[PDB]
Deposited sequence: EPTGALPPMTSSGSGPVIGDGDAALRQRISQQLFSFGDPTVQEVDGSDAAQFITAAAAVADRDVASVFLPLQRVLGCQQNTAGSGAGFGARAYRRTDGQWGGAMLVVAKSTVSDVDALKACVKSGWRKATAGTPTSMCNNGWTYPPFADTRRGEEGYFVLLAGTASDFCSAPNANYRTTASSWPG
């Protein structure tokens, strides 16, 4: 039931590259556990951990990360990739990942939504020993044309206390996403 090793290359928050302003605002949407026993890596490092975790021999662990892996293919990139962070408890028995898409980077928001719903999964609260996943968007109507950024967030993890922290925050004002 082990997660693969998590290696950092110092990669920043956006898969591929992004403008400094984008990396900055993306990084302010990515959750951190602030926990010295939960290793965190970003961007391509996070994508590489997602892809490795989706392929582990243990199917119950791989299933946690499959929906994340499947929506990495939804990156519409010209253009930048998704924001990403992956999390691995030191014992390798707990973790997850979240993807953050900045609405202003998405050339075809309807296509992104359709791609995500092909690859994502129904929201699952899970339990302390079973996988969770959820998706949010905020603000409800991001008028990017008035300079208001919007974000799509997808997160999934090995246990309910992975998703519960960030879920609590979003549940206050964000909307379920996608339908």
Relative to the deposited sequence numbered from 1, which residue ranges are unmodelled?
-> 1 to 3, 81 to 83
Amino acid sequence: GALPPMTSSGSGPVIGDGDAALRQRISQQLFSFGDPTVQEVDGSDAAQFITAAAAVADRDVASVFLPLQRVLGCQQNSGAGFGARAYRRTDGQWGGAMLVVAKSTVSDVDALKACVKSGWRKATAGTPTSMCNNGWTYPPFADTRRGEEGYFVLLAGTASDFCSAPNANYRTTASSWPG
From here on, numbers count along this sequence of modelled residues.
Taking the deposited Cα B-factors and averaging over 55 to 63 and over 27 to 35, the higher mean is found in 55 to 63
Could you settle it for me: does 18 to 26 or 163 to 171 have the higher average Cα B factor in the PDB entry?
-> 163 to 171
Out of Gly96, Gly79, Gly92, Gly83, highest CA B-factor residue | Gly79
Chain third (lowest, middle, highest) by recorded CA B-factor, residue given as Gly147 = middle
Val101: which third of its chain by C-alpha temperature factor?
-> lowest
Entry-reported C-alpha B-factor of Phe141 relative to its chain, by third, is highest
Comparing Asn133 with the other modelled residues of its chain, is its CA B-factor in the lowest, middle or highest third?
-> lowest
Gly12 - Cα temperature factor, lowest/middle/highest third of chain | middle
